[PDB]
Amino acid sequence: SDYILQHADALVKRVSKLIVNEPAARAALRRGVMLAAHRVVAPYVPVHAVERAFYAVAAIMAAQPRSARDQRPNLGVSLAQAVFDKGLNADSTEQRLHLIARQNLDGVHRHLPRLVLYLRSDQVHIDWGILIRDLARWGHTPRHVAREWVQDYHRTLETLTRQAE
Amino acid sequence: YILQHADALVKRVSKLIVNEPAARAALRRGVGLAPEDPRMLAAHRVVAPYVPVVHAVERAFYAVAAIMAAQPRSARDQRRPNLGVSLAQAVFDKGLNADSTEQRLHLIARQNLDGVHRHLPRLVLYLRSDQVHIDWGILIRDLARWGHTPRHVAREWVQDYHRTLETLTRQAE
Amino acid sequence: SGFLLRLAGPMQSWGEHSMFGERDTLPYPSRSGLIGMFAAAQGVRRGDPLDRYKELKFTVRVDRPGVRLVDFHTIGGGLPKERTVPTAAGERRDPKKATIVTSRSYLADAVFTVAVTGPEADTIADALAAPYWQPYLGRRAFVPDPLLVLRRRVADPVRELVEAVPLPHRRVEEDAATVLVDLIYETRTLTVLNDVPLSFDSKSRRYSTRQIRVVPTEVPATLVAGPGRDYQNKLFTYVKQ
Amino acid sequence: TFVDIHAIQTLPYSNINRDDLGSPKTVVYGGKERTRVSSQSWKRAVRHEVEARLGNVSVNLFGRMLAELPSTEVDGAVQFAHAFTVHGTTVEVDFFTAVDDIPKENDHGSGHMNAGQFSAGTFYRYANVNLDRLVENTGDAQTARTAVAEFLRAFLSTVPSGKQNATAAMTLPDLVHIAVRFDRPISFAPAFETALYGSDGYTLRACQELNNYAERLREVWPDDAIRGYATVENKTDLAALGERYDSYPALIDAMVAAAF
Amino acid sequence: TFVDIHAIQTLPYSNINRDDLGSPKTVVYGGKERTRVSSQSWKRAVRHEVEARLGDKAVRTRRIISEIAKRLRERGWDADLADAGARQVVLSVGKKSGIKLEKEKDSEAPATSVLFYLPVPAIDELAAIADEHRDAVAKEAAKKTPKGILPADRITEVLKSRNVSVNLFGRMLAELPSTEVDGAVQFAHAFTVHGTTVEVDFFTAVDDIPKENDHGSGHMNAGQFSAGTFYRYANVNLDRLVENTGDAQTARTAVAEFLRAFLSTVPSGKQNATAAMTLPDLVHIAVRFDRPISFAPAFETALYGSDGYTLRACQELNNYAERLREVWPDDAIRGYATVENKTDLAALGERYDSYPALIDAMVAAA
DNA sequence: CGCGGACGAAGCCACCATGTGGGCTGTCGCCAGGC
DNA sequence: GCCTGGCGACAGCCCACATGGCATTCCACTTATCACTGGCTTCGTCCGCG
């Protein structure tokens with residue numbers, strides 16, 4: 001999966017540059033959340049799960065609010081820091097987290113964009129390459145990825161509480 | 001070294017069973033299954049901060065916390081010995097059957113790490129059911145070392161059991 | 001003059017003083033054996049004068065003492081009575097007793113690096129590279145490690161045993177240096193044993209005693225190799241230089 | 001001229017050799033104990049097989065007849081290393097009970113309870129043939145030539161007879177590599193001084209590891225050695241072992257051709 | 001001269017063969033644990049089906065004296081004379097004073113130290129030999145330490161008689177090395193193609209009368225079970241089987257019957273609780289002349305899983321058979337029979353529609 | 001009747017100890033213009 | 001020929017829950033079985049075979 005990550009990073013910087021530089025192609029990507037995604041993301045692909053794992057993240061990245069759009073940890077720690085720093089509620093973002101961890105591959109893509117766009121709305125850092133790869137490893141093995149997110153999340157939340165006191 | 005994180009887990013959890021029900025009930029639904037299993041996703045809030053960084057150590061920690069919370073109410077209510085010393089104490093005092101519990105211990109001593117977890121919750125809850133004392137930190141450290149030891153821990157478990165049974169019988173004279 | 005001989009391999013036996021079915025090895029190589037190894041490498045027929053080999057000197061540092069194991073070893077069992085080992089009278093023993101039962105010992109996982117210093121030892125090293133008969137570590141069934149000669153020509157090889165020859169993975173303490181290694185030299189004498197080979201003639205092999213002094217010496221801890229596979233790597237780096 | 005041959009032959013659950021007790025023979029090598037098949041046991045089967053197919057070359061290739069009195073040539077020139085497993089192996093106990101056919105007013109008072117040890121693994125075998133002395137002692141280069149060829153085929157085809165009826169351990173080697181060397185014979189045993197880890201098999205991994213050891217030794221000492229190998233695997237190339245051959249007897253033929 | 005038979009056979013949650021603690025026997029092969037069925041068990045199942053189908057039965061017993069005692073008692077002997085006569089049977093043979101006997105048990109004739117293995121009519125003939133010498137037995141029965149009066153040659157000739165099972169699997173008798181017969185069959189330990197973790201089943205035997213107050217299980221335990229696609233292999237050395245039976249026609253029936261038993265039989269281990277009866281998924285009989293070759297290395301690399309192992313095991317045994325026929329050339333008459341039709345499996349020789357057709361073709365080919 | 005094979009005859013000596021790990025890889029946007 | 005730059009127009013912001021609960025009894029077996037063989041000496045006598 002190391003080779004999946006290299007392409008994720010090259011796609012991330014390519015799409016980031018395309019999002020800030022051209023509104024036509026970026027809006028062409030935000031509509032999917034589809035031919036334009038096939039003419040943009042397609043070169044950066046190495047199973048249907050890895051392709052959806054690319055196109056979904058490229059569309060989500062293109063749908064950020066301009067505050068987050070102008071400006072290695074995974075998504076469990078991204079939610080933990082989103083709790084600790086922005087003051088975003090923990091009891092509820094935990095439930096949204098476990099509700100993401102139960103879904104299969106088609107449902108995780110049903111509940112991910114809302115929480116991620118809510119993270120970007122609060123300017124919390126999301127390592128897009130790892131989130132991509134994790135979504136790709138999700139078609140391969142779902143339970144390992146979900147548990148990693150949950151454990152890391154509760155774990156880095158606790159460490160940040162030790163740092164608080 | 002691991003015995004330190006193990007004692008911190010044993011203390012906090014030993015308090016957790018008695019004070020807060022939702023947490024132990026969130027822990028017992030994950031007895032005997034790997035942490036990736038969805039029934040374990042509710043136990044990460046309690047166990048995940050205490051594991052350092054092989055799956056063997058995680059399986060040891062998570063599993064002993066689950067077995068710890070699955071004690072019957074009577075057991076939960078109320079040198080450092082191994083599970084074998086706890087076995088011999090349940091044979092001499094509480095009157096468990098001998099030919100079968102020795103057979104069950106020599107049955108555990110052959111499994112691999114995958115099999116020990118499969119066999120252990122039934123045995124430990126049997127022991128715990130009649131107030132036999134079991135030091136959970138030692139069991140944790142041992143279960144973590146079961147993965148990389150072919151028999152180096154199990155032999156300690158078997159030797160201590162037979163030896164403690166002999167001494168307990170010779171002290172009764 | 002001088003060259004470095006490395007005795008390594010899964011099993012090597014250097015027996016002395018055994019003359020029956022049970023065989024026993026010295027925990028370290030014996031001069032008789034190494035001299036016979038060179039004689040085998042040079043085509044010295046059994047019974048030839050062994051004085052050419054006289055005047056050599058064998059300082060041997062023990063990297064790993066190795067585990068000593070006893071290899072059962074029967075002879076002739078499970079054969080029809082007519083085809084079992086002959087007797088001296090000539091009449092084969094009954095097949096239920098025709099089996100020979102030897103209990104031969106051998107050193108396994110042991111590695112020594114002897115620094116042979118002598119007058120013609122450089123021709124001997126050039127003979128191990130192209131042997132007349134296969135060199136072996138003690139019993140012929142034991143086959144030497146390919147790095148049999150670490151260096152064909154070395155001026156003062158004991159100086160290279162004290163340092164600059166790699167070592168197997170061993171406990172290296174924090175802020176430690178100068179890991180202890182036992183060198184074996186030829187009052188202060190460990191043991192006395194019949195080594196120096198007066199004759200290799202199979203009819204009457206005879207020997208005389210050699211005192212051995214084992215001096216624990218201190219070599220830099222830099223020498224010992226990393227935990228896994230690094231020993232082979234450092235050793236190979238060592239053979240080209 | 002030294003013809004040596006390495007085989008990576010694996011054996012299923014078996015107990016080919018055993019101690020004075022029942023357990024099989026083991027070297028402790030590379031820090032990890034590993035079962036072994038002793039040299040003399042393996043040699044006996046090869047010698048018996050050669051003498052059976054060949055119908056005194058057996059006193060020459062092999063040093064002397066066990067049941068004959070010494071004929072001034074006790075040395076056999078042939079050197080047989082003791083076969084040992086590529087990986088570390090724990091001894092596997094097999095508990096068994098012989099059943100009593102006549103039944104009493106009792107059930108299962110079994111005839112005989114006991115437990116015998118067995119083990120399985122991929123042994124790394126190896127042998128050597130001192131060709132020049134074999135020619136000088138045998139006389140005719142042709143008898144020697146036939147004898148050398150048949151000895152290699154016997155080394156390949158045979159498996160010892162020990163507890164073989166209870167475990168059909170009959171098997172063919174996965175890799176053979178015959179290297180006609182003029183400098184000196186060398187065993188690739190140190191390739192396995194670090195026992196390989198498990199759970200994915202060992203045949204393939206042991207094949208390329210032995211390929212790495214052949215590249216390195218060939219690198220330090222470049223030689224005129226004629227080489228070649230035959231495998232039951234076409235998936236991986238091992239360029240350091242020499243030109244690949246379609247089969248074992250074709251390989252043995254090309255190396256016997258290469259010695260003379 | 002070597003007939004070897006390979007077979008892939010799946011068993012569902014069987015646990016046919018248990019160790020001393022109840023767990024199924026396992027091999028750590030290829031680095032991965034794989035449950036196995038010991039060869040002696042399936043060999044016992046094969047010899048009982050062969051004896052039952054071919055009609056002649058051999059008896060491996062530690063209590064030969066007691067059985068000879070029932071025959072002498074049905075011949076009109078008194079019980080005490082029958083016991084003394086059977087003791088004379090085992091006392092009259094062997095190097096030392098007699099066949100050594102286990103410590104005497106109350107009310108019953110002592111068992112011999114070693115397990116005799118002889119056909120049933122031969123035991124009856126031993127009874128007749130002890131019968132003809134009834135008066136000499138009566139005279140030695142009066143002495144404190146009676147000696148072996150019966151002729152040793154006649155008894156040793158009866159103990160040398162061979163059943164088909166003795167001809168096929170061989171026997172061993174340490175006190176009488178003249179009776180030892182070399183086995184003609186090599187039976188390998190059937191292991192799984194894939195790695196198997198031991199599955200634990202937790203059962204509770206229920207009390208039937210209701211308790212007045214506390215209802216609980218009568219007994220509760222956990223028995224280990226496992227399932228998988230086993231690889232099976234076996235050899236038949238035709239030269240030794242022909243040497244044992246003597247005539248090639250009885251060896252021919254013995255071989256065909258053995259191969260059919262090898263395919264049909266199942267060890268019967270807790271079969272009343274698992275019903276593991278199954279036919280092999282694939283069978284491959286080769287008639288080799290140089291040497292037998294098991295395809296067990298083909299499955300040293302354990303199969304990964306998630307999908308049915310049968311098709312991959314058959315295809316993998318095919319590729320290994322192909323690669324061995326290329327690497328080790330031979331004129332061996334091959335042939336196979338399979339349930340799946342999804343693949344042709346070209347290397348396993350000529351395909352036959354049925355197992356009996358395959359056995360008849362390869363036995364007729366040898 | 002002779003030869004070969006197998007068996008027999010001894011001398012026998014016995015309250016409490018255990019720690020380790022790290023090495024393998026590849027990628028685009030296309031076309032046109034200017035230097 | 002190589003390298004660099006360009007290819008109508010494609011939005012912005014605000015927002016994200018509190019609380020409560022998380023079971024308990026009981027039950028855990030018996031019997032029987034547990035190999036042989038040998039790896040000493042020389043000579044003499046006997047028995048079997050030719």
# chains A, B, ... in the order shown; residues from 1 in each chain; ligands from 1

call {"tool": "closest_atom_pairs", "arguments": {"of": "chain B", "to": "chain F", "cutoff": "12 Å", "atoms": "only C-alpha atoms (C1' of nucleotides)", "output": "CSV"}}
result
residue,atom,partner,partner_atom,distance
B:1,CA,F:19,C1',7.7
B:2,CA,F:19,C1',9.9
B:3,CA,F:19,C1',11.6
B:54,CA,F:21,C1',9.7
B:79,CA,F:16,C1',6.8
B:80,CA,F:16,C1',10.3
B:81,CA,F:16,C1',11.6
B:141,CA,F:19,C1',12.0
B:145,CA,F:20,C1',10.8
B:148,CA,F:20,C1',10.0
B:149,CA,F:20,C1',11.9
B:152,CA,F:18,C1',11.4
B:153,CA,F:18,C1',11.2
B:156,CA,F:18,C1',11.5
B:160,CA,F:16,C1',11.8
B:163,CA,F:15,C1',11.8
B:164,CA,F:15,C1',11.4
B:167,CA,F:15,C1',10.0

call {"tool": "residues_around", "arguments": {"residues": "residue 67 (chain A)", "least_positions_apart": "4", "cutoff": "8 Å", "atoms": "only C-alpha atoms (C1' of nucleotides)", "output": "ChimeraX atom specification"}}
result
/A:71,121,123

call {"tool": "write_last_selection", "arguments": {"atoms": "C-alpha atoms", "output": "short mmCIF file (atom, residue, chain, number, x, y, z; two decimals), in the first residue's frame"}}
result
data_model
loop_
_atom_site.label_atom_id
_atom_site.label_comp_id
_atom_site.auth_asym_id
_atom_site.auth_seq_id
_atom_site.Cartn_x
_atom_site.Cartn_y
_atom_site.Cartn_z
CA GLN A 71 -4.83 27.68 3.35
CA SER A 121 -15.00 24.29 7.78
CA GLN A 123 -9.70 24.58 9.38
#

call {"tool": "interface_residues", "arguments": {"of": "chain E", "to": "chain G", "cutoff": "10 Å", "atoms": "only C-alpha atoms (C1' of nucleotides)", "output": "PyMOL selection string"}}
result
chain E and resi 100+112-115+172-175+177+204-207+213-222

call {"tool": "write_last_selection", "arguments": {"atoms": "N, CA, C and O atoms", "output": "compact mmCIF listing (two decimals), in the first residue's frame"}}
result
# COMPACT_ATOMS: atom_id res chain seq x y z
N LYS E 100 7.42 -63.34 27.13
CA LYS E 100 7.22 -62.72 28.43
C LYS E 100 5.79 -62.27 28.60
O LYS E 100 5.15 -61.79 27.66
N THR E 112 0.20 -61.11 27.00
CA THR E 112 1.59 -61.10 26.57
C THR E 112 2.09 -59.66 26.58
O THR E 112 1.31 -58.72 26.52
N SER E 113 3.39 -59.49 26.74
CA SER E 113 3.95 -58.15 26.75
C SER E 113 3.84 -57.47 25.40
O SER E 113 3.64 -56.26 25.34
N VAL E 114 3.96 -58.21 24.31
CA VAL E 114 3.93 -57.63 22.98
C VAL E 114 2.65 -58.05 22.25
O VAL E 114 2.08 -59.10 22.52
N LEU E 115 2.19 -57.19 21.34
CA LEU E 115 0.99 -57.43 20.55
C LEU E 115 1.19 -58.41 19.40
O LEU E 115 1.88 -58.11 18.43
N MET E 172 5.56 -56.97 13.11
CA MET E 172 6.82 -57.01 13.85
C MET E 172 6.60 -57.79 15.13
O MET E 172 5.63 -57.54 15.84
N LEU E 173 7.51 -58.70 15.42
CA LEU E 173 7.51 -59.46 16.66
C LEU E 173 8.95 -59.58 17.12
O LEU E 173 9.76 -60.23 16.45
N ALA E 174 9.28 -58.94 18.23
CA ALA E 174 10.68 -58.88 18.64
C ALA E 174 11.21 -60.22 19.12
O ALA E 174 12.36 -60.55 18.86
N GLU E 175 10.40 -61.00 19.84
CA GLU E 175 10.90 -62.29 20.30
C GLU E 175 11.01 -63.32 19.18
O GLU E 175 11.81 -64.25 19.29
N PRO E 177 11.82 -62.99 15.48
CA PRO E 177 12.17 -62.27 14.25
C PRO E 177 11.96 -63.07 12.99
O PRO E 177 12.07 -62.51 11.90
N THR E 204 -22.88 -28.27 26.35
CA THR E 204 -23.39 -28.49 27.70
C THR E 204 -24.43 -29.59 27.69
O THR E 204 -25.52 -29.40 27.16
N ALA E 205 -24.12 -30.74 28.28
CA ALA E 205 -25.07 -31.83 28.44
C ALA E 205 -26.11 -31.48 29.50
O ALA E 205 -25.75 -31.23 30.66
N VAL E 206 -27.38 -31.48 29.11
CA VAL E 206 -28.48 -30.93 29.90
C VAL E 206 -29.03 -32.00 30.84
O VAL E 206 -29.19 -33.16 30.46
N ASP E 207 -29.34 -31.59 32.06
CA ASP E 207 -29.94 -32.51 33.02
C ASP E 207 -31.36 -32.57 32.54
O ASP E 207 -31.85 -31.63 31.94
N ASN E 213 -35.35 -25.63 42.08
CA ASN E 213 -34.98 -24.24 42.18
C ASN E 213 -33.95 -23.87 41.13
O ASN E 213 -34.26 -23.14 40.19
N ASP E 214 -32.77 -24.44 41.16
CA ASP E 214 -31.72 -23.96 40.27
C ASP E 214 -31.56 -24.88 39.06
O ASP E 214 -31.11 -26.02 39.19
N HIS E 215 -31.89 -24.38 37.89
CA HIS E 215 -31.75 -25.17 36.68
C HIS E 215 -30.45 -24.76 36.04
O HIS E 215 -30.27 -23.59 35.70
N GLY E 216 -29.58 -25.73 35.83
CA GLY E 216 -28.33 -25.50 35.15
C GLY E 216 -27.99 -26.72 34.35
O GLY E 216 -28.67 -27.74 34.40
N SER E 217 -26.89 -26.62 33.62
CA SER E 217 -26.47 -27.73 32.79
C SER E 217 -26.01 -28.87 33.69
O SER E 217 -25.54 -28.66 34.81
N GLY E 218 -26.17 -30.08 33.19
CA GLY E 218 -25.67 -31.23 33.92
C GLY E 218 -24.16 -31.30 33.86
O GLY E 218 -23.51 -31.67 34.83
N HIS E 219 -23.59 -31.00 32.70
CA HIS E 219 -22.15 -30.94 32.56
C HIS E 219 -21.82 -30.00 31.42
O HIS E 219 -22.56 -29.93 30.45
N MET E 220 -20.71 -29.29 31.51
CA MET E 220 -20.40 -28.37 30.43
C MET E 220 -18.91 -28.37 30.16
O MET E 220 -18.11 -28.32 31.09
N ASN E 221 -18.56 -28.41 28.89
CA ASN E 221 -17.16 -28.52 28.52
C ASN E 221 -16.97 -27.88 27.15
O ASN E 221 -17.90 -27.28 26.60
N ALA E 222 -15.80 -28.08 26.56
CA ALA E 222 -15.55 -27.61 25.20
C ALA E 222 -14.69 -28.61 24.45
O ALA E 222 -13.56 -28.87 24.86

call {"tool": "residues_around", "arguments": {"residues": "residue 105 (chain A)", "least_positions_apart": "3", "cutoff": "12 Å", "atoms": "only C-alpha atoms (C1' of nucleotides)", "output": "PyMOL selection string"}}
result
chain A and resi 48-50+52-53+56+100-102+108-112+134-143+145-146

call {"tool": "write_last_selection", "arguments": {"atoms": "C-alpha atoms", "output": "compact mmCIF listing (two decimals), in the first residue's frame"}}
result
# COMPACT_ATOMS: atom_id res chain seq x y z
CA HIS A 48 -13.26 -0.38 -7.86
CA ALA A 49 -12.48 0.62 -4.26
CA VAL A 50 -9.21 2.37 -5.05
CA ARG A 52 -13.68 5.49 -5.79
CA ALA A 53 -11.16 6.12 -3.03
CA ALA A 56 -14.31 10.78 -3.78
CA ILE A 100 -18.56 5.85 10.13
CA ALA A 101 -16.69 2.84 11.47
CA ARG A 102 -19.67 0.55 11.08
CA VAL A 108 -18.43 5.10 4.33
CA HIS A 109 -18.62 7.25 1.20
CA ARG A 110 -22.15 8.13 2.25
CA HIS A 111 -21.12 9.51 5.67
CA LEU A 112 -17.59 10.78 5.01
CA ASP A 134 -7.25 4.44 4.04
CA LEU A 135 -10.31 4.57 1.85
CA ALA A 136 -8.44 2.36 -0.60
CA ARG A 137 -7.45 -0.11 2.10
CA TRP A 138 -11.14 -0.06 3.05
CA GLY A 139 -12.27 -2.17 0.15
CA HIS A 140 -9.42 -4.54 0.97
CA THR A 141 -9.86 -4.63 4.78
CA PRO A 142 -12.51 -2.48 6.52
CA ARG A 143 -12.23 -3.47 10.17
CA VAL A 145 -8.90 0.75 9.15
CA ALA A 146 -11.95 1.54 11.23

call {"tool": "atom_distance", "arguments": {"atom1": "CA of residue 1 (chain C)", "atom2": "CA of residue 29 (chain C)"}}
result
21.4 Å

call {"tool": "atom_distance", "arguments": {"atom1": "CA of residue 122 (chain B)", "atom2": "CA of residue 35 (chain B)"}}
result
18.3 Å

call {"tool": "select_by_dssp", "arguments": {"residues": "region 77-159 of chain C", "states": "strand (DSSP E)", "output": "PyMOL selection string"}}
result
chain C and resi 100-108+111-117+149-151

call {"tool": "write_last_selection", "arguments": {"atoms": "N, CA, C and O atoms", "output": "compact mmCIF listing (two decimals), in the first residue's frame"}}
result
# COMPACT_ATOMS: atom_id res chain seq x y z
N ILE C 100 27.27 -51.85 15.56
CA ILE C 100 28.19 -51.06 16.36
C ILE C 100 27.49 -49.79 16.80
O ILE C 100 26.78 -49.17 16.01
N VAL C 101 27.68 -49.38 18.05
CA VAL C 101 26.98 -48.22 18.58
C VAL C 101 28.01 -47.24 19.10
O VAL C 101 28.48 -47.36 20.24
N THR C 102 28.37 -46.25 18.29
CA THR C 102 29.25 -45.17 18.70
C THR C 102 28.45 -43.94 19.06
O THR C 102 27.39 -43.68 18.49
N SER C 103 28.95 -43.17 20.02
CA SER C 103 28.30 -41.97 20.53
C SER C 103 29.27 -40.80 20.34
O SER C 103 29.87 -40.33 21.30
N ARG C 104 29.40 -40.32 19.11
CA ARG C 104 30.43 -39.35 18.79
C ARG C 104 29.99 -37.94 19.14
O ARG C 104 28.91 -37.52 18.74
N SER C 105 30.85 -37.19 19.80
CA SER C 105 30.56 -35.80 20.13
C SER C 105 31.09 -34.87 19.06
O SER C 105 31.97 -35.22 18.27
N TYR C 106 30.51 -33.67 19.01
CA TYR C 106 30.86 -32.64 18.04
C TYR C 106 30.42 -31.29 18.56
O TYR C 106 29.43 -31.19 19.27
N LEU C 107 31.20 -30.26 18.24
CA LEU C 107 30.87 -28.87 18.54
C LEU C 107 29.95 -28.31 17.47
O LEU C 107 30.30 -28.32 16.29
N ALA C 108 28.80 -27.78 17.86
CA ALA C 108 27.95 -27.16 16.86
C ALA C 108 27.80 -25.68 17.14
O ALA C 108 27.81 -25.24 18.29
N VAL C 111 32.63 -21.15 16.46
CA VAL C 111 33.49 -20.49 15.49
C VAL C 111 34.75 -20.00 16.17
O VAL C 111 34.69 -19.25 17.15
N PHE C 112 35.90 -20.43 15.66
CA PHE C 112 37.20 -19.99 16.14
C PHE C 112 37.96 -19.39 14.98
O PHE C 112 37.72 -19.75 13.83
N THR C 113 38.87 -18.47 15.27
CA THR C 113 39.69 -17.92 14.19
C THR C 113 41.15 -18.07 14.57
O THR C 113 41.69 -17.25 15.31
N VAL C 114 41.77 -19.13 14.09
CA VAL C 114 43.16 -19.39 14.42
C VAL C 114 44.05 -18.57 13.50
O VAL C 114 43.81 -18.49 12.29
N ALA C 115 45.09 -17.97 14.07
CA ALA C 115 46.08 -17.19 13.34
C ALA C 115 47.37 -17.98 13.30
O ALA C 115 48.22 -17.86 14.18
N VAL C 116 47.49 -18.81 12.27
CA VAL C 116 48.64 -19.68 12.09
C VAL C 116 49.84 -18.88 11.62
O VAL C 116 49.81 -18.23 10.56
N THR C 117 50.91 -18.90 12.41
CA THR C 117 52.16 -18.22 12.08
C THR C 117 53.27 -19.24 12.04
O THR C 117 53.54 -19.91 13.04
N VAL C 149 39.92 -19.52 4.69
CA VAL C 149 41.08 -18.65 4.85
C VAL C 149 40.59 -17.22 4.73
O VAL C 149 40.24 -16.76 3.64
N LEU C 150 40.58 -16.48 5.84
CA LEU C 150 40.15 -15.10 5.73
C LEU C 150 41.16 -14.25 4.97
O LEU C 150 40.77 -13.41 4.16
N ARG C 151 42.46 -14.48 5.17
CA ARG C 151 43.47 -13.71 4.47
C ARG C 151 44.60 -14.67 4.15
O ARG C 151 45.10 -15.34 5.05

call {"tool": "closest_atom_pairs", "arguments": {"of": "region 106-162 of chain B", "to": "region 187-196 of chain E", "cutoff": "12 Å", "atoms": "only C-alpha atoms", "output": "Markdown table"}}
result
| residue | atom | partner | partner_atom | distance |
| --- | --- | --- | --- | --- |
| B:112 | CA | E:196 | CA | 11.9 |
| B:114 | CA | E:196 | CA | 10.9 |
| B:115 | CA | E:196 | CA | 11.1 |

call {"tool": "write_last_selection", "arguments": {"atoms": "N, CA and C atoms", "output": "PDB file, in the first residue's frame"}}
result
ATOM      1  N   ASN B 112      -1.203 -22.014  20.388  1.00  0.00           N
ATOM      2  CA  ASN B 112      -0.442 -20.865  19.947  1.00  0.00           C
ATOM      3  C   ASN B 112      -1.145 -19.633  20.494  1.00  0.00           C
ATOM      4  N   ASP B 114      -3.017 -17.542  18.976  1.00  0.00           N
ATOM      5  CA  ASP B 114      -4.405 -17.576  18.543  1.00  0.00           C
ATOM      6  C   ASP B 114      -5.258 -18.506  19.396  1.00  0.00           C
ATOM      7  N   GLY B 115      -4.701 -19.596  19.895  1.00  0.00           N
ATOM      8  CA  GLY B 115      -5.577 -20.543  20.549  1.00  0.00           C
ATOM      9  C   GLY B 115      -5.769 -20.239  22.012  1.00  0.00           C
TER      10      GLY B 115
END

call {"tool": "residues_around", "arguments": {"residues": "residue 99 (chain E)", "least_positions_apart": "2", "cutoff": "12 Å", "atoms": "only C-alpha atoms (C1' of nucleotides)", "output": "VMD selection string"}}
result
(chain E and resid 62 64 to 65 86 to 97 101 to 102 110 to 116 147 to 148 173 to 176) or (chain G and resid 35 to 36)

call {"tool": "interface_residues", "arguments": {"of": "chain D", "to": "chain E", "cutoff": "7 Å", "atoms": "only C-alpha atoms", "output": "list in words"}}
result
residues 10, 12, 13, 95, 100, 101, 102, 111, 120, 121, 164, 165, 166, 167, 168, 170, 171, 172, 198, 199, 200, 201, 202, 232, 246, 247 and 248 of chain D

call {"tool": "residues_around", "arguments": {"residues": "residue 5 (chain F)", "least_positions_apart": "4", "cutoff": "12 Å", "atoms": "only C-alpha atoms (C1' of nucleotides)", "output": "number ranges by chain"}}
result
C: 91, 93-94; G: 45-49

call {"tool": "write_last_selection", "arguments": {"atoms": "N, CA and C atoms (P, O5', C5', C4', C3', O3' and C1' of nucleotides)", "output": "CSV table (one decimal), in the first residue's frame"}}
result
chain,number,residue,atom,x,y,z
C,91,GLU,N,34.7,-64.2,11.6
C,91,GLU,CA,33.3,-64.7,11.5
C,91,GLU,C,32.3,-63.7,12.0
C,93,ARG,N,29.4,-61.7,13.6
C,93,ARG,CA,28.6,-61.9,14.8
C,93,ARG,C,27.1,-62.0,14.5
C,94,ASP,N,26.4,-62.5,15.4
C,94,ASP,CA,24.9,-62.7,15.2
C,94,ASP,C,24.3,-61.4,14.9
G,45,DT,P,33.7,-79.8,25.3
G,45,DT,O5',32.2,-80.3,25.4
G,45,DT,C5',31.3,-79.4,26.1
G,45,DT,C4',30.0,-79.2,25.4
G,45,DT,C3',29.6,-80.4,24.5
G,45,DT,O3',28.2,-80.7,24.8
G,45,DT,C1',29.5,-78.5,23.2
G,46,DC,P,27.6,-82.2,24.7
G,46,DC,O5',26.2,-81.9,24.1
G,46,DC,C5',25.5,-80.7,24.4
G,46,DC,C4',24.8,-80.1,23.2
G,46,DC,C3',24.1,-81.2,22.4
G,46,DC,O3',22.9,-80.8,22.0
G,46,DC,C1',25.5,-79.8,21.0
G,47,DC,P,21.7,-81.9,21.8
G,47,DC,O5',20.8,-81.3,20.7
G,47,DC,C5',20.8,-79.9,20.5
G,47,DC,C4',20.9,-79.5,19.1
G,47,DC,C3',20.2,-80.5,18.1
G,47,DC,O3',19.5,-79.7,17.2
G,47,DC,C1',22.4,-80.1,17.4
G,48,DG,P,18.1,-80.4,16.5
G,48,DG,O5',18.2,-79.7,15.1
G,48,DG,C5',18.7,-78.5,14.9
G,48,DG,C4',19.6,-78.4,13.6
G,48,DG,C3',19.0,-79.2,12.4
G,48,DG,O3',19.1,-78.5,11.3
G,48,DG,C1',21.2,-79.8,12.8
G,49,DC,P,18.0,-78.8,10.1
G,49,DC,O5',18.9,-78.4,8.8
G,49,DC,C5',20.0,-77.6,8.9
G,49,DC,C4',21.2,-78.3,8.1
G,49,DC,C3',20.8,-79.0,6.8
G,49,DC,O3',21.6,-78.6,5.8
G,49,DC,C1',22.2,-80.3,8.2

call {"tool": "residues_around", "arguments": {"residues": "region 7-18 of chain G", "least_positions_apart": "3", "cutoff": "8 Å", "atoms": "only C-alpha atoms (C1' of nucleotides)", "output": "PyMOL selection string"}}
result
chain A and resi 23-24+27
